[PDB]
Amino acid sequence: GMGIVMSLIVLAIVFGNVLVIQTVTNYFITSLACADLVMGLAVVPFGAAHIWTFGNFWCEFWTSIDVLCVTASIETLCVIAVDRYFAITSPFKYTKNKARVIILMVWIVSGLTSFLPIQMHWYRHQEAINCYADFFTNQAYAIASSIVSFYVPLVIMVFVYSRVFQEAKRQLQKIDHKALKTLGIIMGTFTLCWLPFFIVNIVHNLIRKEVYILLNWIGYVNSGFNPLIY
Amino acid sequence: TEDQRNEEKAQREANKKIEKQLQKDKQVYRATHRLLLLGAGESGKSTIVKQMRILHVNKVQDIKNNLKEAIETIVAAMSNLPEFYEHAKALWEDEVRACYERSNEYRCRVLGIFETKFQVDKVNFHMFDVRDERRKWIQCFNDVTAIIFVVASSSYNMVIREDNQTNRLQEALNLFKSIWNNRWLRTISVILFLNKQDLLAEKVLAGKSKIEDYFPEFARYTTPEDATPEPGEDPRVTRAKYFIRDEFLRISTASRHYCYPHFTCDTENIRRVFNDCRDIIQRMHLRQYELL
Amino acid sequence: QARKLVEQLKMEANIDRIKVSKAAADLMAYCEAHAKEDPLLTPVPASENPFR
Amino acid sequence: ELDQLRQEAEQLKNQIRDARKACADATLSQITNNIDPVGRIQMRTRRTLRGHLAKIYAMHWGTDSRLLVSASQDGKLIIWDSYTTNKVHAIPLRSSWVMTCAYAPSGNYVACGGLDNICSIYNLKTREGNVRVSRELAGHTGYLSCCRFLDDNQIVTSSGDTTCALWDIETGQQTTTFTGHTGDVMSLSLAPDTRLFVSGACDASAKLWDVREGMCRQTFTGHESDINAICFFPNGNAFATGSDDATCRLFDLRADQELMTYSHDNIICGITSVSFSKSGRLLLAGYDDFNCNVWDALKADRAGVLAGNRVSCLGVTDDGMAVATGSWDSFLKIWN
Ligand SMILES: Nc1nc2c(ncn2[C@@H]2O[C@H](COP(=O)(O)OP(=O)(O)OP(=O)(O)O)[C@@H](O)[C@H]2O)c(=O)[nH]1
Ligand SMILES: CN[C@@H]1CCc2c(ccc(O)c2O)[C@H]1O
Ligand SMILES: [Mg+2]
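Protein chains in written order, with the UniProt record's numbering: chain C, 35 to 55, 65 to 94, 99 to 141, 146 to 175, 178 to 186, 192 to 234, 269 to 296, 301 to 326; chain E, 9 to 66, 91 to 113, 144 to 157, 159 to 169, 199 to 203, 206 to 224, 228 to 352, 356 to 365, 368 to 394; chain P, 11 to 62; chain L, 3 to 310, 313 to 340.
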């Protein structure tokens, strides 16, 4: 019964993001920090639902908050990596006004495809209704969310970081270790934190429900390492 | 409140207009790049500007003034060692030739900042131009991205205007060392040119002066192993050719700063070096501040 | 050209060199005279200050 | 012989030195050993300013003590307003390099220097709309270092060619020409009486010229490095000096002797400017280590320290109710 002991540990996630919260690229880190703040504050009470069902709208609130926060953080990381690639790939690049449009477009687009269907009756069969008196899903909405939130940006990140690594080797040879370590710390951390959750979600029988929540708890832990990494 | 309201409103409107104008202007300042030339006396720092600006940028009476000084130098040194023009014409024709051999004594003349701007498909480049050994104006040029150093290479024997001071090339080596270690210019890259290639080939080919004679420290008789000789270059000149560059690089490699050597002369060759200047856009890619 | 400098030097040296005569006191007296005038030495009242 | 003639000069110089030595009676500290200390004091930024794109090099307070003109490194003089923090003009410059500024006592013209040896002037209250260059002066070599106004039609310039000159704007020619320094001249300051002006060369020496006659009078050699700033005491009988090394000294025209050498041991940076106060009790001075320190005229104590890269210029309003400091951070601050 040491859940309370670990609860205060997760409470430290808010402090780092609060302390973290200027340049053209530095504005994006505000969006990632803001998403972490929402995830840290909202998930902590909902995480302690373990001894339950506080209210009918309570299930709606957690469902509408968690999906939005996760997809927002993933999209913001994708945008940051795209900007970092764009900065060094093409010298003599050819704006704060553009950045404000970019940040607003990513966050609003992500929330629209997540918050609206969740409250718009997107679920399943005979077992699901009895839960109303488990975040069950149906109509491949889980498949769409997985392919549009955690699967799609991975290919783009892999491509851009491969391009950056290819350019770095070319720069080194022209002169006539650190790049591999830094790229590994930047990429493999997020990959190892998030791949298990998307893998388990798509597996939907053969998966125990009790262990299922454990993996989704790992993905929420990714918020803590977000401020220290950057 | 009649005076206060109208005046305050007009002042606010003027402030808004001026702030908008300044915000519009501040974008171009970040876009354009700045360079800065340097060098030594008679090095050739400003003559390349004529060939450089001919690429993308867009006196007769003054030129004749330096022409007269040419005649006086040979005649004056003889003792130690259009009526006017018509007589000088015979003097030019009459010019033993041993006076030319005394190169130890003492195309445009050697003359305020002369700023030149040229634009390309890439961002337009803005350059500056410049005795005074104090060099107290060097502060407040930390904003320049690169400093195009130019050093003579055909004068390893002549002397500076102050006669019997030091070797002409040696007077440039120590000057580069002083630039290298400075508090203000601690984050600036440097490009090197080795001008006057043609004269060097003419001088070394016909025997006469030996680098080993004027420079005793000439132990390196074998060129560096990773050598890419010029097409048809004689082996003897290449060892001389690479000797100058290595001497400069030793000071550079003694201690954020990345030095680049080159070879320049043929306006198109400088134009090829112009594309070479475009080709060297490495420094913006090079900073890579996000560790990587 | 040296004689020009020497001639000027003699004229410059041909100037009365007053003693201190409590020169610091004269500097002190003026500073002690304008103690109230200076607003930085003693902060001005908030209403009095035109700025804030 | 010049050396034979130099023997008389050395004896006169020896006569000058001994007589100057004979004038010593007591130290300033002994006379000022019975004064009440000012105590610790600190000031807060009442107003902050922004709008430049590069480093600021110089500024001058208006005679109205409300408007200040500042010059950037991009060649954009802008006339501000202290009360409303609102700009009034933005004059582009023909030369991208600027090093000084000046404001007319009658509040009509603004004079701008530049690395290019052209002391151009401007007219601020002519016709309407755009402002236009009135005259351009080019009768000098080197780079200029300071420009002040004697009156509405006379400007004093000090170039880097060991020459200080007096101009007449209407005719555009040099009325006189002062020489004698053996090195570059870095700064000057006019006197409150508007009759004498002193200039600090780069050879650890200072002079005190005379405008009317056109000849030098005195010479002080108390320092051992480059001199960077000068400012008259309000009484007009003395002037501080800031050097390349941290030592700041206060001299005296009458006694010809350096009185107080403000000893700084912990301080290791360099001086950039000095400026006095209305009562002559405080001597402000900026440093090269990104902050500022405030000294005392007599007690020699750090009354206060202001922080907020390198500072490049200071000033004090004629009213004496405000202090402005520039920097290379493209931001100017106000203190009170
Ligand atoms: N033969 C030959 N002469 C050259 C070459 N490059 C420059 N020169 C000569 O060198 C001169 C150098 O003059 P400037 O360009 O004014 O350079 P500087 O003499 O060092 O003087 P500043 O530019 O005023 O510092 C040119 O005018 C040419 O006469 C070259 O490749 N070959
Ligand atoms: C209750 N946990 C949710 C369930 C579904 C889901 C999650 C995260 C990202 C998505 O795109 C989802 O569809 C999980 O955090
Ligand atoms: Mg020149």
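We put the beta carbon where it would ideally sit given N, CA and C, even for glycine.
- Within 8 Å of the C-beta of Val202(E) there is at least one heavy atom belonging to ligand 1.
- Put simply, the CB of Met386(E) is near chain C, with a gap under 9 Å to one of its CB atoms.
- Inter-residue distance for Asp381(E) and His41(E) is about 15 Å (C-alpha atoms, whole angstroms).
- Listed along the chain, the chain L residues whose CB falls inside 9 Å of the CB of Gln19(E) are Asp83, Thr86, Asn88 and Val90.
- According to the DSSP secondary-structure assignment, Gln220(L) is paired through a beta bridge with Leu210(L).
- Chain order gives the chain E residues near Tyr145(L) as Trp234, where near means a beta carbon separation below 7 Å.
- Contact holds between the stretch 277-284 of chain E and the stretch 229-240 of chain E, because three or more Cβ pairs, one in each stretch, are under 8 Å apart.
- At least one C-beta of chain E is nearer than 9 Å to the C-beta of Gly185(L).
- The closest CA to that of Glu309(E), considering only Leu30(E), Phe222(E), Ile348(E) and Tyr253(E), is found on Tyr253(E).
- Short note on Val57(E): C-beta not closer than 8 Å to any heavy atom of ligand 3.
- Between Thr179(L) and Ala167(L) a beta carbon distance of about 5 Å is seen, short of the 8 Å cut, so the two are scored as contacting.
- Spatial neighbours of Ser108(L) in its own chain (CB-CB distance under 6 Å, excluding positions within 5 residues in sequence) are listed in chain order as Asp154.
- The residues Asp113 and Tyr316, in chain order, have a CB closer than 7 Å to that of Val86(C) in the same chain once the five nearest residues on each side in sequence are set aside.
- For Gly288(L), the enclosing beta strand (DSSP E) starts and ends at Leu284 to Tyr289.
- Burial check for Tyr169(E): the Cβ neighbour count within 10 Å stays below 16, so the residue is exposed.
- Straight-line measurement puts the Cα of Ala109(E) at about 12 Å from the Cα of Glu164(E).
- DSSP places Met262(L) within a strand segment (E or B) once states are collapsed to three.
- Beta-carbon to beta-carbon, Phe199(L) and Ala208(L) are separated by about 12 Å, too far to satisfy the 8 Å threshold.
- For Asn132(L), the closest of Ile93(L), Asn88(L) and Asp38(L) by C-alpha to C-alpha distance is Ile93(L).
- In its chain, beyond the 5 residues on either side, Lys140 have a beta carbon closer than 8 Å to the beta carbon of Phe133(C).
- Taking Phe335(L) as the centre and dropping the five residues before and after it, the same chain places the C-beta of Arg52 closer than 6 Å to its C-beta, in chain order.
- When only Cα atoms are considered, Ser41(C) and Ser74(L) end up about 55 Å apart.
- The alpha-carbon separation between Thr164(L) and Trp63(L) amounts to approximately 27 Å.
- Less than 9 Å separates the beta-carbon of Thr210(E) from that of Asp223(E).
- In this structure, ligand 3 has a non-hydrogen atom nearer than 8 Å to the beta-carbon of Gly206(E).
- When only Cα atoms are considered, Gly206(E) and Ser122(L) end up about 15 Å apart.
- Using beta-carbon distances, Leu124(C) does not count as an interface residue toward chain E, since no partner is under 9 Å.
- When secondary structure is reduced to three states using DSSP, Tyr360(E) falls in the strand class.
- With a cut-off of 8 Å, the C-beta of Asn293(C) is classified as near ligand 2, since at least one heavy atom of the ligand falls inside that distance.
- Distance from the Cα of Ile232(L) is smallest, within the candidate group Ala206(L), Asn125(L) and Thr87(L), for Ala206(L).
- Ligand 3 has no heavy atom closer than 8 Å to the beta-carbon of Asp118(L).
- Residue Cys114(L) holds the alpha-carbon nearest to the alpha-carbon of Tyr105(L) among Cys114(L), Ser147(L) and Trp332(L).
- In terms of CA proximity to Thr136(C), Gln229(C) leads the group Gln229(C), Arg175(C) and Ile233(C).
- Around the beta carbon of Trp158(C), 16 or more other beta carbons lie within 10 angstroms, which makes this residue buried.
- Among the residues of the stretch 13-38 of chain E, none has a Cβ less than 7 Å away from any Cβ of chain C.
- Contact between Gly47(E) and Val247(E) is confirmed by a C-beta separation of about 4 Å, below the 8 Å threshold.
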